[PDB]
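Every residue, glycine among them, receives a Cβ derived from its backbone with ideal geometry; neighbour counts consider all protein chains shown. Readers should treat all values here as calculations from the given coordinates under stated rules, not as data from a laboratory.
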Amino acid sequence: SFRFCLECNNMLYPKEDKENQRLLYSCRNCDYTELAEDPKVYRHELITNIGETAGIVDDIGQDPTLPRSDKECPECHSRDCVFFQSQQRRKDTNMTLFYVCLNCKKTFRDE
Amino acid sequence: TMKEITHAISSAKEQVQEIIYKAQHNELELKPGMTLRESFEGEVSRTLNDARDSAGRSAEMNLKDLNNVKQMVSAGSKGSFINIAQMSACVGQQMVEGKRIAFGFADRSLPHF
Amino acid sequence: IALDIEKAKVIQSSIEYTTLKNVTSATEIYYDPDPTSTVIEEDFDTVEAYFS
Ligand SMILES: [Zn+2]
Ligand SMILES: [Zn+2]
């Protein structure tokens, strides 16, 4: 996550002080400068799993084309649920199922 | 023979169901040089092909010598084993571009599934 | 090597191309102005063990 300038709404690029030895987020369109909280400047994931379970909506139980199972809900122990596979559509994607209860509407696995 | 063919096809469908469950619980062996989805598709296709071959072999063994289709196939003048299998026992798996029927709709082949 | 599986696997491993990107999983950039110490707590023990 990256922060924005509080006065002109531009991006806050990180900057390093030679004399003070501190990491600071500074806007290049002004003189505003705010002290950085964490040193994690950049992170790149070669193999990522985000978007696998992130594709979830709160009204997925009203879809009539989705199959319905009788798996046990971990939270409220309901007897009706709706399952589907991974929303990510790469070639390496697993065939595991995500179950959605019809009362608490949370996503849970079978393992 | 029709009972035997029905039993063979039902056993194959149960085997395919077991393969589906194993692939959906990460218990499937991966063929080297291929992904999980490709290995699953190849194994299901192999099972269904073996099912059609077994049903056809049962049907072709049932036939008498006086059977006319058998006489034509045995003379070598017209027809083969696959024709007898498809006419009498099972048409089998339909392949488009060397793969099973794709999901032309949103995650299904027809709006009836 | 043709009638032994282990030597064949050794040859296979020695032939196949393997880059850093294959074994790498994630790369990160951190700010740390102390050459001899570090800010990260998980790796602090290991790096101080190295320096000592
Ligand atoms: Zn600014
Ligand atoms: Zn529930």
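Observations
- Crossing angle, helix C:5-15 versus chain C [Cα axis fit, 0-90 degrees, rounded to tens]: 60
- DSSP-loop chymotrypsin sites (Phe, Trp or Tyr not before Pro) across chain C, with at most 10 other Cβ within 10 angstrom: C:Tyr17
- Rounded to the nearest 20, the Cβ-based charge dipole of chain A about its Cα centre (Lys and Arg +1, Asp and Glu -1) stands at 320 debye.
- Once both labels are positioned 7 Å from their Cα atoms along Cα-to-Cβ, the gap between B:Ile82 and B:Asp65 label points is 3.0 nm.
- Quotient of Cα Rg and 2.2 N^0.38 Å for the protein assembly as shown, N being how many residues it contains: 1.63
- Projecting the Cα positions of A:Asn10, A:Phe83, A:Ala36 onto the charge dipole of chain A (unit charges on Cβ atoms of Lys, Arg, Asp and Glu, taken about the Cα centre) puts A:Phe83 furthest along the positive direction.
- For the stretch B:1-99, trypsin sites (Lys or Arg not before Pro) are listed when DSSP marks them as loop and at most 13 other Cβ atoms sit within 10 Å of their Cβ; the list is B:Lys64, B:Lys78.
- Kyte-Doolittle mean at least -0.5 and Cα axial length at least 27 Å: DSSP H helices in chain B: B:2-23
- For q = 0.16, 0.29, 0.33 Å⁻¹, Debye-computed log10 I/I(0) when each Cα of the stretch A:1-44 counts as one equal scatterer: -0.40, -1.09, -1.25
- Most fluctuating residue given options A:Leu66, A:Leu24, A:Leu97, as computed from a GNM of chain A linking Cα atoms under 10 Å: A:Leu24
- Translational diffusion coefficient (Stokes-Einstein; Kirkwood radius from C-alpha pairs) of chain A at 25 °C, 0.890 mPa s, in µm²/s: 135
- Among B:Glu97, B:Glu29, B:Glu14: highest mean-square fluctuation, GNM of chain B, C-alpha pairs under 10 Å: B:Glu97
- For chain C, alpha-carbon Rg and Dmax in angstrom: 19.7, 57
- The charge dipole of the protein assembly as shown, taken about its Cα centre with unit charges on the Cβ atoms of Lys, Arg (+1), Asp and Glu (-1) only, comes to about 2120 debye.
- Cα-based reach from B:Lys64 at 20 Å (exclusive), listing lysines while leaving out same-chain residues under 8 positions away: B:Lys3, B:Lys78
- Footprinting exposure proxy ranking of A:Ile50, B:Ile5, fewest other C-beta atoms within 10 angstrom first, gives A:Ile50, B:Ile5.
- D_trans [Stokes-Einstein, Kirkwood Rh over alpha-carbon pairs] for chain B, 10 °C, 1.306 mPa s, µm² s⁻¹: 98
- Taken about its Cα centre, the stretch A:1-44 carries a charge dipole of roughly 220 debye when the Cβ of each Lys and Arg holds +1 and the Cβ of each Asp and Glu holds -1.
- Compared with the direct C-alpha span, the chain from A:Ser1 to A:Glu45 gains 14.4 nm at full extension, assuming 0.36 nm per residue.
- Unit charges at the beta carbon, dipole of the protein assembly as shown: most positive-side option, C:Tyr17, B:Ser58, A:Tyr25: B:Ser58
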